[PDB]
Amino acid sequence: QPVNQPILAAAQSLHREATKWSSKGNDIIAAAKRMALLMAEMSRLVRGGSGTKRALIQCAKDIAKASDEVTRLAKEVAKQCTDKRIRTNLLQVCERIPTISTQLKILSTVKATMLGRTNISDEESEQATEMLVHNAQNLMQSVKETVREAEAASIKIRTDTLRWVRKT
């Protein structure tokens, strides 16, 4: 079945970072894994024509809901961080996520309306897919960086409640 080479790669990228840690007692990890799974579904759905219109919109809505969980918890971690440099960096990344996921909903709705509809040009179709691709990459990158920084920050708060256990 057809899948977006770019969208699926961004999903896998996030999964590789998210997959290593355990979800047990870690809702950042669980939401990030859920986001990467839904993003892999998205790359399939973009390709599909009829009947993919409602699934594409709902998939983006689910990705945005899971990203609110990531953002909410990472903000909590940042607001317990003593180092301003780390606190600011973690707040910078995790505050990009709501904007990107709001933009994912807009661009998925745009792409969904077009799917199977011959009234729009190949140019408009290609740009809509491209805009969606760039948004998916940015979202996956931001969550990956949020996972890394949230873990790094947690050790400091703890050394100086989410569970961070490396998987094998």
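One-based numbering along the sequence shown.
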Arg117 dropped in a third or more of the other entries: yes
Coordinates absent for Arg148 in a third or more of other entries: no
Unmodelled deposited residues flanked by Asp160 on one side and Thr161 on the other: 1 to 3
77 to 85 or 93 to 101, whichever carries the higher mean Cα B-factor: 77 to 85
Between 22 to 30 and 35 to 43 (mean CA B-factor, as deposited), the higher: 22 to 30
Top residue by Cα temperature factor, when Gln58, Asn138, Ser50, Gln127 are compared in the entry: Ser50
Chain-wide C-alpha B factor ranking for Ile63, given as lowest, middle or highest third: lowest
Position of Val133 among the chain's modelled residues by C-alpha B-factor, lowest, middle or highest third: middle
Record-listed C-alpha B factor of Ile7: chain third: middle
Ranked C-alpha temperature factor of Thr113 among modelled chain residues, by third: middle
